[PDB]
């Protein structure tokens, strides 16, 4: 019915949050995923201290975290998430010990522990994807003070190192910058800043985002883009009968990833750093694939965040 990843995430969130975990609210799913990501990265109080090569100023914080009491049952998480009495057992049983590595577990040969580590990795990936989607969603109506120029905006979203390790191709930030600057191996993955990520309520169900889905404008935009993307992407949405709140998806952008506009010099020709520039920018178009067929829509020339702000005024 469901792949291993989504089944693992559903089991984990159910075990940790009882009946309080709503399966149809994006905010609740994002909060649950954030808490689970903290639990599986040993970022909660009372978990192992990260000291392997930590600096003394970091060992101070790690020792403070270890000494601090672990979360108690019934604690309020986010807005409408409540920890069950059996969350400690789940944390002790389903979270690999700090520093666990797949090679060591495989050398052990225990099938149960191998499966546990596989579930841990899949859960980390799912939680990081939900985190990236929520970062886009927040950026749709809340500018990041850090992003002031195009160079800053190039490395969105600014998520932690664990996020980058889980999903290097979707997570930007300091570690994506470091990977790009440093040596690039065969495993190097570039930051796909506008990759399509289904809403959390769709991601945990396994339903791929497609034409016809009954989604809100903000969540669709968070799926296909983020705040500083061009406003023309709003053409991928259409309000339903009677307006209300939830509309429908009429199309999806093309070239969401893998856009290169280089032309190397060859056979006596001259190199081109950008085919597009080689010149009004506002005349550019995006190929939106609809059910009927692909249509080229003229760019708005304005940010998605500012379009949403203007339409909400």
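Residue numbers count along the first chain shown, from 1. Take the two forms, find the largest set of C-alpha atoms that superpose within 1.5 Å, and that set is the rigid core.
Between stretches 114-122 and 239-247, greater average Cα displacement in 5 other deposited structures of this protein relative to the shown form, fitted by the core, falls on 239-247. When the other structures are laid on the shown form by the rigid core, the stretch among 28-36 and 56-64 with the greater C-alpha deviation in 5 other deposited structures of this protein turns out to be 56-64. For residue 256, the record comparison shows coordinates present in all the other entries of this protein that model its neighbours, with no third of them leaving it out. For residue 288, the record comparison shows coordinates present in all the other entries of this protein that model its neighbours, with no third of them leaving it out.
Per the record, residue 283 and residue 284 are directly connected, with no deposited-sequence residue omitted between them.
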